[PDB]
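Note that we place each Cβ from the backbone using ideal geometry, even for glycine, and neighbour counts take in every protein chain shown. Read-outs throughout are calculated quantities, based only on the coordinates presented, and are distinct from any laboratory measurement.
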Amino acid sequence: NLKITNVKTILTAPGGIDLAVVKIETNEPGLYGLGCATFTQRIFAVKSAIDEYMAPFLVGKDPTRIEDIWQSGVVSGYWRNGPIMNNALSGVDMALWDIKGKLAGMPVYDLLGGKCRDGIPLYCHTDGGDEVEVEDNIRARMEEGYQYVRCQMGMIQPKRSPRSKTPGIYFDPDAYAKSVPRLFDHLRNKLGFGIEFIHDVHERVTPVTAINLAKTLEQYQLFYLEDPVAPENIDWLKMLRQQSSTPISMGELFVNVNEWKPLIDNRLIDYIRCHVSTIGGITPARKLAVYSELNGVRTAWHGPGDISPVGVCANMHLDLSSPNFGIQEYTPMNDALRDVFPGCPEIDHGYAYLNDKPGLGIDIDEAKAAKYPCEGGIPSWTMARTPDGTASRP
Amino acid sequence: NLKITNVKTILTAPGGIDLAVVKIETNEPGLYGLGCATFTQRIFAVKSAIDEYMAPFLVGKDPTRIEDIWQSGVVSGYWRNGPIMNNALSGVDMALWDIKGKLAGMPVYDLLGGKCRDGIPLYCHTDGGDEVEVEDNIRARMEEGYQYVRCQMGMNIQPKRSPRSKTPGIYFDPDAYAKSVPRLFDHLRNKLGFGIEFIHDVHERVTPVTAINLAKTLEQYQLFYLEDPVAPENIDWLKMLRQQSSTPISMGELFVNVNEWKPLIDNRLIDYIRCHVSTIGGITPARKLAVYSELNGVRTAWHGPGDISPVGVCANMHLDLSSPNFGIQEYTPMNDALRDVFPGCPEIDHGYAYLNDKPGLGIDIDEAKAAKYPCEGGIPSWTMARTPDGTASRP
Ligand SMILES: [Cl-]
Ligand SMILES: [Cl-]
Ligand SMILES: [Cl-]
Ligand SMILES: [Cl-]
Ligand SMILES: [Cl-]
Ligand SMILES: [Cl-]
Ligand SMILES: [Cl-]
């Protein structure tokens, strides 16, 4: 006779980044589930979608029917397949998985097939102001035990702009593209080939530029080259895959089956990068991991700062239960996040270790969460402009 | 600290058909899991594979690691992807899912995402000696509540005369057959109308272009599906079929290899997948296939003949209840002995199956009762199929 009684959205920013967490309560005393709905740049719109529409959709329903709730909820507004819509669904979906694990007395990874590895290998970012900082940051991370690192340019000369400039964060894609191989030549000379390197193109250059970059980086044996094209340009990956053998990852921006499915169907990528909440939670991410598995494509779920610890846990339960796990991107959490969210995964020398508590093994202290209210506002970095002032995909 | 302590193969034939059921015991008293390993025609070789090789692979391992056991077990002999190999894995895989469900206090369908429908629609066979017997069988099954039926010729155009001597076999005329099917369906639609859903199984009996022409001729009769229009060895003909016909197609009870179903589902060349769950290696792979099918809009139609244990029957149905893209469940009525040996058989009520809500697969086996029906072995006569000139044909 188990029923959903309450659905609320908790907005909190313990790490200085707006988060959304869905709590589903039931008619069984002390039984609730948590899920992540973090699309940080539209957090208030996500809250609106959950509070106004998902809440009346769910109250009175049997929470054990995860798939039925997903399939019906996904179409409940007719229109669908978007980042705000998918996050609203994810909050619910992950919470239901959390409830199912609690009822079963097992971690979500055990519901999904049990452990497929002994730890979850991580990669971290090495963001620096210039090349020497980046290199030292890599060395510091390798000392901490990281065996996979993202390497970017520091935060040839850029082109001169026109005589007036429309405000934005200016970037020179051609200067960038011509400079990346030099960076990796230097890093491989200094650090060797044992360490795994990731580089994120992050949709910043024209497609043929990305393809040429992929070819020029083959000799440096990257673990992957990430987002060489925008999702609007996935139709360029066929050409890239006729020419380059640099491993490719795509997908943190994906919100639609018609973005990832042609890529995985045609083996045009080697790693899938979706932000789990932004494709709708554990239910659809699990199916995607499986679809990827049968095509020899591996998982690399998005692991930035703009994911709640509930979402971090969701990534990692998928990770532990997938034979085709590739890598887990990881952004270190501060003490406030660990305090607000007891049960954060244990980070030890480049590997993550999940506790073996039931469901997602994570909780939220609502009183503590309330101490860190959301900021809102609009990010500056998404107003990217090329030297002539053209608004570009960031 | 849960461990597998014993793996055994129970061989029993309460329905007069050889079955293999794996029982996996643990170091927790009373906790065990059951799985189907029924490839009936090779049952003793399935037992040999499990007892000699799977049992020592598993003893002492943590049974909660289903996927790790599947992934390591599938490659434990290096060579893989076959009906005997896959059935040995399925016995184990299904038993482990049973164990996981028992441990969780929940049916396997609930582990897999919960109920996606309120009952499982079935189809049954209407096997008859001639056309009127088949038509009466359809009426009888419609009276019982079946809303979907398989319709075949009686077990017309005269068959071809054979050469002056004949090599023994079960003779069949594929051209007489193919020219007669549309007439059968014209008659059945004239008498019974279009509300009843019809399935027809080609069962790999004709050349591919014959099957393509037959699919086209049967369009007007609106079949729920036309089944196995080609052999697995001829799946490269389905592209041409799908350029021309819109009759829904099912394929796959013979499949044992990812390279059989994957190009078909990748290119949407079928509408239903028909694999025998144990024969592709269990719930673990069948679930993956159901999901791969879902994203391609392909629906499930797991094989449900007599040569499947009640444990396999339940495994099909736990998959069925938890798949959004469930299509249909073929169902073969069971006898008293099967029900007696295997307590927990699903409720069959007016064309729907209703699983009990017990943990695991909700099925058990009585080993003392099972021992009363020893397996027979031997060779089926029907698989020695020959065309009129005596050519050995795919049955
Ligand atoms: Cl949206
Ligand atoms: Cl960069
Ligand atoms: Cl992307
Ligand atoms: Cl074999
Ligand atoms: Cl029949
Ligand atoms: Cl029939
Ligand atoms: Cl027939």
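Distance between the modelled labels on A:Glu366 and B:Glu52, one decimal in nanometres: 6.3 nm (7 Å Cα→Cβ projection). Spin-label model, A:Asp348/B:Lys239: points 7 Å from Cα along the beta carbon direction are separated by 5.3 nm. Charges were assigned to the Cβ only: +1 to each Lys and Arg, -1 to each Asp and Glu. The resulting dipole of segment A:302-372 about its Cα centre is roughly 80 debye. Taking the alpha carbon gyration tensor of chain A, multiplying each eigenvalue by 5 and rooting it gives semi-axes of 36, 23, 21 Å, largest first.
The separation of segment A:193-242 from segment B:362-395, counted between C-alpha centres, amounts to 55 Å. Over chain A, dividing the summed -39,500 (n - 2.57) contributions of all DSSP H runs of at least 4 residues by the number of residues returns a 222 nm mean residue ellipticity of -10500 deg cm²/dmol. Placing dummy labels 7 Å off each Cα toward the beta-carbon, the span from B:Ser246 to B:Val132 is 3.8 nm. Were the residues from B:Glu144 through B:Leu2 laid out at 0.36 nm apart, the gain over their Cα-Cα distance would be 46.5 nm. Among beta bridges from DSSP that stay inside segment A:108-356, the antiparallel ones total about 25%.
Could you give me D for segment A:335-391, from Stokes-Einstein at 4 °C and 1.567 mPa s, where the hydrodynamic radius is the Kirkwood radius over C-alpha pairs? Units µm² s⁻¹, please. Translational D for this selection: 86 µm²/s.
The charge dipole of segment A:108-356, taken about its Cα centre with unit charges on the Cβ of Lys, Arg, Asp and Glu (plus for the first two, minus for the last two), comes to roughly 920 debye.
Which residue, chosen from A:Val276, A:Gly168, A:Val312, occupies the Cα position most advanced towards the positive end of the dipole of chain A, where the dipole is computed from +1 (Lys, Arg) and -1 (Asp, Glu) charges on Cβ about the Cα centre? Positive-end residue among those listed: A:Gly168.
For a test of the definition: using alpha carbon positions, the gyration tensor, and the 1.5 limit on a/c, classify segment A:293-394 as rounded, prolate or oblate. Oblate, since a/c reaches 1.5 and b/c is not below a/b. Looking at the calculated P(r) for segment A:186-325, what percent of the C-alpha pair distances fall above 27 Å? Within segment A:186-325, distances greater than 27 Å cover 20 percent of Cα pairs.
If you take every DSSP beta bridge whose two residues both sit in the protein assembly as shown, what share of them, in percent to the nearest 5, is antiparallel? Taking every DSSP beta bridge with both residues in the protein assembly as shown, the antiparallel ones total about 50 percent. For segment B:195-256, the orientation-averaged shadow of the C-alpha convex hull comes to 4.1 nm² (one quarter of the hull surface).
Full extension of the chain between A:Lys261 and A:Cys374 yields a length gain of 37.2 nm, computed as 0.36 nm times the residue separation minus the alpha carbon distance.
With no solvent and one equal point scatterer placed on each C-alpha of the protein assembly as shown, evaluate the Debye formula and give log10 I(q)/I(0) for q = 0.11 Å⁻¹, two decimals. So the normalised log intensities are -1.25. Note on the protein assembly as shown: with charges restricted to the Cβ of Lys and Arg (+1) and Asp and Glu (-1), its dipole about the Cα centre is near 1460 debye. The length gained by stretching the chain between A:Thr382 and A:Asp335 to full extension, at 0.36 nm per residue less their Cα-Cα distance, is 14.1 nm.
Averaging the Cα positions of each part gives two centres, and for segment B:154-172 and segment B:271-324 these lie 36 Å apart. Calculate the tail of P(r) for segment B:35-163: the fraction of all Cα-Cα distances greater than 24 Å, expressed in %. So the pairs more than 24 Å apart make up 57 percent of the total in segment B:35-163.
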